[PDB]
Amino acid sequence: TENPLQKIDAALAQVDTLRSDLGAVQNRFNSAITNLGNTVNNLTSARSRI
Amino acid sequence: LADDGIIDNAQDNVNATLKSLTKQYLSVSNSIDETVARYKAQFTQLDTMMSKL
């Protein structure tokens with residue numbers, strides 16, 4: 001199997017897309033965590049206020 | 001290390017986020033103070049009405 005340059009390009013593209021997926025998952029659970037924290041603090045503020 | 005750097009923007013966003021959270025903490029603190037004031041006023045009312053009885 002010749003033409004290793006395109007395979008190196010594919011490998012670096014794989015590295016880049018793994019980085020992109022890692023960041024996507026990172027911000028995904030960051031959004032989930034901030035949403036659940038907002039829910040928790042809103043619930044406790046409503047319970048203490050009333 | 002410059003302003004455009006990822007670390008400097010990171011710490012700028014960190015301080016902005018913690019200042020917004022400090023504003024939220026102030027809001028929660030004043031709500032806590034008002035609720036505690038109400039509860040303590042009613043507790044003093046309970047103490048007075050138990051002293052009368």
# chains A, B, ... in the order shown; residues from 1 in each chain; ligands from 1

$ residues_around --residues "segment 34-51 of chain B" --least-positions-apart "5" --cutoff "12 Å" --atoms "only C-alpha atoms" --output "list in words"
residues 45, 46, 47, 48, 49 and 50 of chain A; 27, 28 and 29 of chain B

$ atom_distance --atom1 "atom CA of residue 17 of chain B" --atom2 "atom CA of residue 38 of chain A"
14.3 Å

$ closest_residue --among "B:53, B:22, B:33, B:3" --to "chain A" --atoms "only C-alpha atoms"
B:33

$ decode --residues "segment 9-42 of chain A" --atoms "N, CA and C atoms" --output "CSV table (one decimal), in the first residue's frame"
chain,number,residue,atom,x,y,z
A,9,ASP,N,-2.1,12.3,6.4
A,9,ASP,CA,-3.1,13.3,6.4
A,9,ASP,C,-4.4,12.8,7.1
A,10,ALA,N,-4.8,11.5,6.7
A,10,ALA,CA,-5.9,10.9,7.4
A,10,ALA,C,-5.7,10.8,8.9
A,11,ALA,N,-4.5,10.4,9.3
A,11,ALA,CA,-4.2,10.2,10.7
A,11,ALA,C,-4.3,11.6,11.5
A,12,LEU,N,-3.8,12.6,10.9
A,12,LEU,CA,-3.9,13.9,11.5
A,12,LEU,C,-5.3,14.5,11.5
A,13,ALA,N,-6.1,14.2,10.5
A,13,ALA,CA,-7.5,14.5,10.5
A,13,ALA,C,-8.2,13.8,11.6
A,14,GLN,N,-7.9,12.5,11.8
A,14,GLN,CA,-8.5,11.7,12.9
A,14,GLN,C,-8.1,12.3,14.2
A,15,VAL,N,-6.9,12.8,14.4
A,15,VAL,CA,-6.5,13.4,15.6
A,15,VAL,C,-7.3,14.7,15.8
A,16,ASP,N,-7.5,15.5,14.8
A,16,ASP,CA,-8.2,16.7,14.9
A,16,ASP,C,-9.7,16.5,15.2
A,17,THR,N,-10.3,15.5,14.6
A,17,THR,CA,-11.7,15.2,14.8
A,17,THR,C,-11.9,14.6,16.2
A,18,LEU,N,-10.9,13.8,16.7
A,18,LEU,CA,-11.0,13.3,18.1
A,18,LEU,C,-10.9,14.5,19.1
A,19,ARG,N,-10.1,15.5,18.8
A,19,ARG,CA,-10.1,16.7,19.6
A,19,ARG,C,-11.4,17.4,19.5
A,20,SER,N,-12.0,17.5,18.4
A,20,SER,CA,-13.3,18.2,18.2
A,20,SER,C,-14.4,17.4,19.0
A,21,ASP,N,-14.4,16.1,18.9
A,21,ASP,CA,-15.4,15.3,19.6
A,21,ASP,C,-15.2,15.4,21.1
A,22,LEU,N,-13.9,15.5,21.6
A,22,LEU,CA,-13.6,15.7,23.0
A,22,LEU,C,-14.2,17.0,23.5
A,23,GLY,N,-13.9,18.1,22.7
A,23,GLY,CA,-14.5,19.4,23.1
A,23,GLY,C,-16.0,19.4,23.1
A,24,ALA,N,-16.6,18.7,22.1
A,24,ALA,CA,-18.0,18.7,22.0
A,24,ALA,C,-18.6,18.0,23.3
A,25,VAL,N,-18.0,16.8,23.7
A,25,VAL,CA,-18.5,16.1,24.8
A,25,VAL,C,-18.3,17.0,26.1
A,26,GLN,N,-17.1,17.7,26.1
A,26,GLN,CA,-16.8,18.5,27.3
A,26,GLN,C,-17.8,19.6,27.5
A,27,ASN,N,-18.2,20.4,26.4
A,27,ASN,CA,-19.2,21.4,26.6
A,27,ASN,C,-20.6,20.8,26.8
A,28,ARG,N,-20.8,19.6,26.2
A,28,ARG,CA,-22.1,18.9,26.4
A,28,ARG,C,-22.3,18.7,27.9
A,29,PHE,N,-21.4,18.0,28.6
A,29,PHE,CA,-21.6,17.8,30.0
A,29,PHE,C,-21.4,19.0,30.8
A,30,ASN,N,-20.7,20.0,30.3
A,30,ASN,CA,-20.7,21.3,31.0
A,30,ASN,C,-22.1,22.0,31.0
A,31,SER,N,-22.7,21.9,29.9
A,31,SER,CA,-24.1,22.4,29.8
A,31,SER,C,-25.0,21.6,30.7
A,32,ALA,N,-24.9,20.3,30.7
A,32,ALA,CA,-25.7,19.5,31.6
A,32,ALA,C,-25.5,19.8,33.0
A,33,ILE,N,-24.2,20.0,33.4
A,33,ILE,CA,-23.9,20.3,34.8
A,33,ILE,C,-24.4,21.6,35.2
A,34,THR,N,-24.3,22.7,34.4
A,34,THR,CA,-24.8,24.0,34.8
A,34,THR,C,-26.3,24.0,34.8
A,35,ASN,N,-26.9,23.3,33.9
A,35,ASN,CA,-28.4,23.2,34.0
A,35,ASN,C,-28.9,22.5,35.3
A,36,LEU,N,-28.3,21.4,35.6
A,36,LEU,CA,-28.7,20.7,36.9
A,36,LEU,C,-28.4,21.6,38.1
A,37,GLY,N,-27.2,22.3,38.1
A,37,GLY,CA,-26.9,23.2,39.2
A,37,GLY,C,-27.9,24.3,39.3
A,38,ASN,N,-28.3,24.9,38.2
A,38,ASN,CA,-29.3,25.9,38.2
A,38,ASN,C,-30.7,25.4,38.7
A,39,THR,N,-31.0,24.2,38.3
A,39,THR,CA,-32.3,23.6,38.8
A,39,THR,C,-32.2,23.4,40.3
A,40,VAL,N,-31.1,22.9,40.8
A,40,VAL,CA,-30.9,22.6,42.2
A,40,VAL,C,-31.0,23.9,43.0
A,41,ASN,N,-30.3,25.0,42.6
A,41,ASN,CA,-30.3,26.2,43.4
A,41,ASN,C,-31.6,26.9,43.3
A,42,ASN,N,-32.3,26.8,42.1
A,42,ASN,CA,-33.6,27.4,42.0
A,42,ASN,C,-34.6,26.7,42.9
